[PDB]
Amino acid sequence: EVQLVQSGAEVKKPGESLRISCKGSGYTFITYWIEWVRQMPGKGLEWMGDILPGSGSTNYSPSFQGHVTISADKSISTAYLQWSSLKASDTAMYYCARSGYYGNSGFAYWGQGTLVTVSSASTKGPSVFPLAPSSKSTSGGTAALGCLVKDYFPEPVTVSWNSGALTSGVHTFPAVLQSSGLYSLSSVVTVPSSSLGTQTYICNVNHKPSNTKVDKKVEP
Amino acid sequence: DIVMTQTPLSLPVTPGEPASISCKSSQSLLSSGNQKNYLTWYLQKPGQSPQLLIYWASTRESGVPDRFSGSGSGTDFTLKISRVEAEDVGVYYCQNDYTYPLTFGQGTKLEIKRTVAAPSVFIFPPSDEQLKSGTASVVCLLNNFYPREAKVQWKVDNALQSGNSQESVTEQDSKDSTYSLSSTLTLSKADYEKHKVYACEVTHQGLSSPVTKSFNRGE
């Protein structure tokens, strides 16, 4: 089977250099084009450029030319995408793909993607605050409650409820990048209003990059 | 660059019904050499790498179900799904594969169409724990609504806010095909305590009139 394996997630400061890699197996690497595609958080796909590893022949989107260099080492079946000086705007998922010339028959095989985060922020564990159920969060016998998971870097956090016992009616929101450059999300759950003063509701928050683990009891 | 424009931007589909996505190129993708249209379709499922569906405008990639078909010529192309499955949800992209640069369309989100559901609107004042630390996050929750489109405006003592709130929306719920939305208003403790009434104004298809969920600070 044909496989493209990309290098691991990167967290970098603005102005730093970076090289990410795409290694091809299960085919003759020199004979197919390696394509590079950018996807900014929550945005569409952007074609960056390509390379034929056998010859080192390249094509660039004029939108990316000058800021990135695409190269290949045919001896180790690897293609590269590199920056001399990263910008915050380089924060994106980067895919490599295998293709013919012009991508004429489409990009048939894709790498798993490399997440690149470019930020002045340092590794930080979140604070966890209750989103307390009240008359302002109750409608029709059901009450909403949650946890606000604020001020962490980098992504991601995971949230469970009652150590995984409560899964029904749970909505954990995608993270947003705050004005501060730190991430935040909320996790919410709808529960019976009658259980508010009797049943215990605890959110369990794990932030692996900082080894922060927080359990917060959510009460009215 | 060749510009690739997709219509529609959002496509609600009832599973089982046909769906069509149009892609318009700003220049012709039809080769004089072989009369092939060099247009490609991809699907990107939530949290996954993109997958090849169709190339040369009408040729299915091996492994792609026969419900997917492509047609069109020159500058106008159509991806058709004859009978939409639940696993077809995600973002569909067309691509110019005729000439460099190999530009993508902006994408079309295929989502499950269901009956309109108005949001259950809830408001959360900041916790005492957070206020003690010096910050006030005020959370407005719009729960279990359809469709995705919603307008949320913050009013503090009847004064419209701007630039101090952020929105997050969940991916379409696997069970009930609804969305949830959070709008979080961030103020410093001092700014928060200057004001009385905190109001979340909500506009949605399921609501006959704009709806205001509010609280008085300290109640």
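Throughout, a chain's letter reflects where its sequence line sits, starting with A, and its residues are numbered from 1. Just so it is clear, the values below take in all heavy atoms, side chains as well, and ignore hydrogens, waters and symmetry mates.
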Donor-acceptor under 3.5 Å ([X] side chain, [Y] main chain):
X      : Y      : value
B:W56  : A:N104 : yes
B:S168 : A:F173 : no
B:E61  : A:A108 : no
B:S49  : A:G111 : yes

Please find the pair of heavy atoms, one from [X] and one from [Y], that lie closest to each other, and give the distance.
X      : Y      : value
B:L52  : A:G106 : CD1-CA, 3.9 Å
B:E167 : A:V176 : O-CG1, 3.5 Å
B:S137 : A:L148 : CB-CD2, 3.5 Å
B:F122 : A:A144 : CD1-CB, 3.5 Å
A:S186 : B:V139 : OG-CG2, 4.5 Å
B:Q166 : A:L177 : NE2-O, 2.8 Å

- Query: Is chain B contacted by the side chain of A:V128, its backbone, both, or neither, given a heavy-atom distance below 4.5 Å?
  - Reply: backbone
Is it true that, when you exclude [X] itself, more than 12 heavy atoms of the residues, nucleotides or ligands shown sit nearer than 6.0 Å to its [atom1]?
X      : atom1 : result
B:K109 : NZ    : yes
A:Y60  : OH    : yes
B:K151 : NZ    : no

If you round to the nearest 0.5 Å, how far is [atom2] of [Y] from [atom1] of [X]?
X      : Y      : atom1 : atom2 : result
B:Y42  : A:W110 : OH    : CH2   : 5.5 Å
B:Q130 : A:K150 : CD    : NZ    : 5.5 Å
B:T103 : A:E46  : OG1   : CD    : 11.5 Å
B:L102 : A:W36  : CG    : CH2   : 15.5 Å
A:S105 : B:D97  : OG    : CG    : 8.5 Å
B:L141 : A:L145 : CG    : CG    : 10.5 Å

What option among [options] has the most heavy-atom pairs under 4.5 Å with chain B?
options                       : result
A:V37, A:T172, A:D50          : A:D50
A:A132, A:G140, A:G42, A:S179 : A:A132
A:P174, A:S139, A:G146        : A:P174
A:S137, A:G169, A:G44         : A:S137

- Message: Out of B:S120, B:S62, B:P101, return the one with the most heavy atom pairs under 4.5 angstrom to chain A.
- Response: B:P101
[X] versus chain A, the contacting section by heavy-atom distance below 4.5 Å:
X      : result
B:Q48  : backbone
B:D173 : side chain
B:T59  : neither
B:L181 : backbone

- Query: Stepwise, does the side chain to side chain contact (heavy atoms under 4.5 Å, CB included) test hold for B:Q106 with A:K43?
  - Reply: CA-CA 9 Å; B:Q106 77 278 18; A:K43 314 290 173 191; over 6 Å; no
Between [Y] and [X], is there a side-chain heavy-atom distance shorter than 4.5 Å?
X      : Y      : result
A:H171 : B:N144 : yes
A:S127 : B:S133 : no
A:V188 : B:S180 : no

- Item | Ring-ring centroid check A:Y102 B:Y100, cutoff 6.0 Å |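 Distance test on ring centres: under 6.0 Å, yes.
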- Would you please indicate yes or no on a ring centroid separation below 6.0 angstrom for A:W47 and B:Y93?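 Not close enough - the centres of the two rings lie 6.0 Å or further apart.
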- Output yes when B:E219 and A:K136 qualify as a salt bridge under the 4.0 Å nitrogen-oxygen rule, no when they do not.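 Here B:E219 does not pair with A:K136 in a salt bridge, since their nearest N and O are not under 4.0 Å apart.
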- Message: For a quick check under 3.5 Å, do A:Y109 and B:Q51 share a side-chain donor-acceptor pair by atom type?
- Response: no
